[PDB]
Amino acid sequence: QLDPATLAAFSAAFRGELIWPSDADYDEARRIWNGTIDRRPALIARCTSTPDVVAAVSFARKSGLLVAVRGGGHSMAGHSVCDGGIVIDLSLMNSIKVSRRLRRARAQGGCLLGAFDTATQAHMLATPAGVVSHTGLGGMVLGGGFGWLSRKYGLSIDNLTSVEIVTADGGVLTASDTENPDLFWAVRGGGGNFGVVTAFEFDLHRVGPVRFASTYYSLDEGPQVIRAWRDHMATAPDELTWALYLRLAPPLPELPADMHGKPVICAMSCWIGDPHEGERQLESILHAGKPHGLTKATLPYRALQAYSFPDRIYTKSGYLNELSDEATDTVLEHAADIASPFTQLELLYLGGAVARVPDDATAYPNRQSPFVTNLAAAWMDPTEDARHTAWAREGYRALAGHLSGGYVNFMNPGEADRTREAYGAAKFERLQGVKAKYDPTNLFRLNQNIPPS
């Protein structure tokens, strides 16, 4: 319901694709990974260049259209699609340049992680990021970004060296340690609040074959496995990463059919370092219970990335400073109640290099909390929403006093209120000052939102 001259100026400056509610590919272009989010934008603007983004930002600003920005569409809160506004869709901006000599990568703001890992691994290089290949680099890096390499090399933001960004006034800025360093501070963990990142520059590291193990323990041996896990990681070397996924056992041939469809602890571990030393380290942590369905391999890092691991999702997540035996029994009891074969209760351990960055150095909070738990409900039948949502919420409720803060990138669509708790008073206020400078009208609000001033 738009101004004809503003539209004509927009389309005149726009070399991407416009998708209207009447167009065929409207219904698919508006779907995101969280299929509980069903929203109808006025327009989807599939940008293909930084000038495209400039045009779309300016057009939304002048039209007063609610702006959703979409990288890979993995927002657990559904932030990358809007009712009645414009989607500034970056999914066609997925170009990457990798320099081996520089050991640097430049990636457009709509890249998927798997394309970035593919390009860097052509030269045996990598930078830390999440564990699922089709996650967008856009939202993930801007919230921090952690995965297999983080204990060794830090968060994705700890390897980011500069961004190209389009601000709410239509300008293009570079942000780095030497240019607009307040903005470069804020985008390292402050989400999409401050503008559209059209390019990320990363330092890369040499990562060769990785020793990897995945196995399944019966919940019978739950208390010993989890306590071994929490105790080992308190003093584990940086090179070891080890994560627990409590879930129904998949009906896979390495597992006895007995265990199929029943709650188990799936344990995944890797050693970022010499595979022969990795074999030693993994063996010392594989035997806290009897491992079933054991898979061991020496993998290219791109294949570790591709290994992990569902239409409707709901998550509740937070950090812990410690995992007591009492919290451990809580996790095991709620895991025993898992109904869907797609649902997981994730237990992750960060720390290491993530924890050695001074807390004030970026906008990412809670570096000093090493534990992360993610109650990730996933299902197919829309008529069962209440039961699955209830499982994640009741599990979070049972763990509440052990949990603090929160990872903005695991928030769900009802968790707008958690933004203050997530960053903490000092950070939130410091960010609120960056927002008043760079987004004073809060044009970019579909995110873990930081209102200006």
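For every residue, the number given is its place in the sequence shown, counted from 1.
Which of the two stretches, 272 to 280 or 241 to 249, shows the higher mean Cα temperature factor in the record? The stretch with the larger mean CA B-factor is 272 to 280.
Averaging CA B factors per stretch from the PDB record, which one is higher: 27 to 35 or 59 to 67? Going by the record's values, the stretch with the higher mean is 59 to 67.
Please pick out which of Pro291, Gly192, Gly351, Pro128 has the largest Cα B-factor as recorded in the entry. Among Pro291, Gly192, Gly351, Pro128, the PDB entry lists the largest C-alpha B-factor for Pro291.
Based on what the PDB entry reports, which of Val210, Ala119, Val197, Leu347 has the top C-alpha B-factor? Reading the PDB entry, the winner on C-alpha B-factor is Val210.
Compared with the other modelled residues in the chain, in which third is the CA B-factor of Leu183? CA B-factor rank for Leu183: highest third.
C-alpha B factor of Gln448, ranked within the chain: lowest, middle or highest third? Middle third.
Using the B-factor values recorded in the entry, state whether the Cα atom of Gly405 falls in the lowest, middle or highest third among the modelled residues of its chain. Highest third, going by the recorded CA B-factors of the chain.
Among the modelled residues of its chain, does the C-alpha B-factor of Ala416 lie in the lowest, middle or highest third? Ranked within chain, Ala416 CA B lands in the highest tercile.
Ranking the modelled residues of this chain by C-alpha B-factor as given in the entry, is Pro358 in the lowest, middle or highest third? Answer is highest: the recorded C-alpha B-factor places it there.
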